[PDB]
Amino acid sequence: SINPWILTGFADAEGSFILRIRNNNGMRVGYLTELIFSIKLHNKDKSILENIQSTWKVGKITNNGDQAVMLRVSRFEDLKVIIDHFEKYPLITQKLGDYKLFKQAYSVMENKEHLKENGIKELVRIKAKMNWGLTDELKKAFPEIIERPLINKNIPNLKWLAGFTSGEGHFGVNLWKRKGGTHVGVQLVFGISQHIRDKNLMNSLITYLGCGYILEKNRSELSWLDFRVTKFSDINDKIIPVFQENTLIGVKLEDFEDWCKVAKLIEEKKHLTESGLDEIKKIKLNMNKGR
DNA sequence: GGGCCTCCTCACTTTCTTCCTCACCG
DNA sequence: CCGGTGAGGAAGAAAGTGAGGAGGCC
Ligand SMILES: [Ca+2]
Ligand SMILES: [Ca+2]
Ligand SMILES: [Ca+2]
Ligand SMILES: [Ca+2]
């Protein structure tokens with residue numbers, strides 16, 4: 001079983017709370033409602049999904065294309081397990097806002113209002129604030145209101161951070177040919193990325209870890225944040241000890257382990273030698289996108 | 001025994017991850 | 001010169017979010 005705070009951190013990273021409201025003339029109200037918690041990952045991390053499944057004793061795992069796998073809970077009885085966990089171990093990103101709307105939608109269905117016109121209206125109102133909001137077909141049918149409270153929580157513990165890092169983390173080794181010379185540049189880099197909507201939370205990492213900085217990235221109108229640590233003494237003294245104690249999950253754990261081997265070589269200045277570089281070069285082949 | 005629920009196959013957009021380059025300073 | 005560091009941006013796919021179909025529960 002996964003540590004429950006590791007689980008929440010991972011959920012804040014890769015989870016999704018979904019409210020479906022579908023047209024159907026076979027329903028008395030004319031709409032069929034479905035409430036879904038979902039985690040979609042690459043097949044290489046199917047084991048995480050299976051362990052969450054056994055930990056919660058709920059949910060179904062299905063394939064999605066040739067390289068992806070998906071764990072979903074939508075059975076109404078089984079959804080109490082989801083709410084139970086996330087009440088006891090609350091999300092801290094803006095996704096918590098989706099969970100609370102998810103939660104309200106559940107209360108509507110629990111008293112069975114989704115089977116009435118008054119409830120469907122309420123559900124549409126809820127869905128409008130969730131994720132990507134109302135469809136065009138749904139906006140047409142329901143011209144009424146277009147926002148939710150901003151979530152402002154701090155990092156609860158390093159077990160959450162471990163779960164969140166197992167999702168959004170990057171353990172990288174940069175190599176490049178120096179402009180003036182024949183030497184190869186070497187940089188160990190740690191990274192956590194997130195949409196700019198959680199700028200406060202991402203800023204909170206500089207304080208919480210006692211190192212690193214934030215870089216603002218964008219493509220046209222799309223923008224995100226990358227928390228990076230490139231100070232090696234910080235990585236060696238602050239970053240690595242954290243995840244040695246608080247174990248990462250999935251393939252990213254393996255990436256971290258190789259990453260630490262590179263960190264050892266760099267600690268002993270062997271990245272400056274010819275043979276140490278090709279050892280590092282060999283490790284890169286084993287890790288990340290190369291795994 | 002009609003709605004109603006649940007689980008399947010399946011697909012859209014983008015938020016992540018990964019990778020690359022390089023000027024600067026001490 | 002040289003190595004360490006931080007800042008930039010490119011590429012694209014592993015994510016996030018959500019689609020229709022339908023068997024069968026109660
Ligand atoms: Ca995420
Ligand atoms: Ca991930
Ligand atoms: Ca992610
Ligand atoms: Ca690439």
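Protein chains get the first letters and strands the later ones, always in sequence-line order, with residue 1 at the start of each. Just so you know, these numbers use all the heavy atoms, side chains as well, and skip hydrogens, waters and symmetry mates.
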> Does B/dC8 carry a north or a south sugar when the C1'-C2'-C3'-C4' torsion is used to decide?
Replying inline: north

> Can A/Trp5 and A/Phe164 be said to form a side-chain contact (heavy atoms from CB on, under 4.5 Å), step by step?
Replying inline: CA-CA 10 Å; A/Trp5 270 114; A/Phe164 193 75; over 6 Å; no

> Side chains of A/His195 and A/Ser223: is there a donor and an acceptor less than 3.5 Å apart?
Replying inline: no

> Would you say A/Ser193 reaches B/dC16's phosphate, i.e. side-chain N/O to OP1/OP2 under 4.0 Å?
Replying inline: no

>> As a quick check of understanding, evaluate side-chain contact (heavy atoms from CB on, under 4.5 Å) for A/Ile61 and A/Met70, giving each step before the final call.
In response: CA-CA 5 Å; A/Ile61 298 178; A/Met70 185 182 314; over 6 Å; no

>> Both A/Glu14 and A/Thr230 contact DNA chain C. Which one's nearest nucleotide lies toward the 5' end?
In response: A/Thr230

>> Could you go through A/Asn154 and A/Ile92, starting from their C-alpha distance and side-chain angles, then the distance that decides it, and tell me whether this counts as side-chain contact (heavy atoms from CB on, under 4.5 Å)?
In response: CA-CA 7 Å; A/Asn154 296 117; A/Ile92 87 174; over 6 Å; no

> Contact class for A/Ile39 (heavy atom, under 4.0 Å): base, sugar-phosphate, or nothing?
Replying inline: nothing

> A/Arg197 CZ to C/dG16 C1': how many Å, rounded?
Replying inline: 10 Å

> Considering heavy-atom distances to DNA chain B, does A/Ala13 or A/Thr33 have its closest nucleotide positioned more toward the 5' end?
Replying inline: A/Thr33

>> Could you tell me if A/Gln104 and A/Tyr99 have a donor-acceptor pair between their side chains, going purely by distance under 3.5 Å?
In response: no

>> Does a side-chain N or O of A/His170 approach OP1 or OP2 of B/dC19 to a distance below 4.0 Å, or not?
In response: no

>> Using a distance-only criterion (donor-acceptor N/O pair, under 3.5 Å, no hydrogens), is the base of C/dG8 paired with the side chain of A/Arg219?
In response: no

>> Measuring to OP1 and OP2 of C/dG3, would you say a side-chain N or O of A/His183 lies under 4.0 angstrom away?
In response: yes

>> Please confirm whether the shortest side-chain N or O distance from A/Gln194 to OP1 or OP2 of B/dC16 is below 4.0 Å.
In response: yes

>> Regarding A/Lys44, tell me which of base, sugar-phosphate or nothing describes its non-hydrogen contacts under 4.0 Å with the strands shown.
In response: nothing

> Just by protein heavy atoms under 4.0 Å, how would nucleotides 7-13 of chain B read 5' to 3' in B, S and -?
Replying inline: BBBBB--

>> Once rounded to the nearest 0.5 Å, what's the spacing between atom CD1 of A/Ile196 and atom CE of A/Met202?
In response: 12.5 Å

>> Let me spell it out: for each of A/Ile18 and A/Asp45, pick the nucleotide of DNA chain C with the closest heavy atom. Which residue's pick is nearer the 5' end?
In response: A/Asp45

> Is the base of C/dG4 touched by the side chain of A/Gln187 through a donor-acceptor pair closer than 3.5 angstrom?
Replying inline: no

> Please give, in whole Å, the distance from C/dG16 P to A/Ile36 CD1?
Replying inline: 17 Å

>> Regarding A/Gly167, tell me which of base, sugar-phosphate or nothing describes its non-hydrogen contacts under 4.0 Å with the strands shown.
In response: sugar-phosphate

> Just checking, any donor-acceptor pair under 3.5 angstrom between side chains of A/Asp12 and A/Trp160?
Replying inline: yes

> Closer than 4.0 Å, any side-chain N/O of A/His195 to the OP1 or OP2 of C/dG16?
Replying inline: no

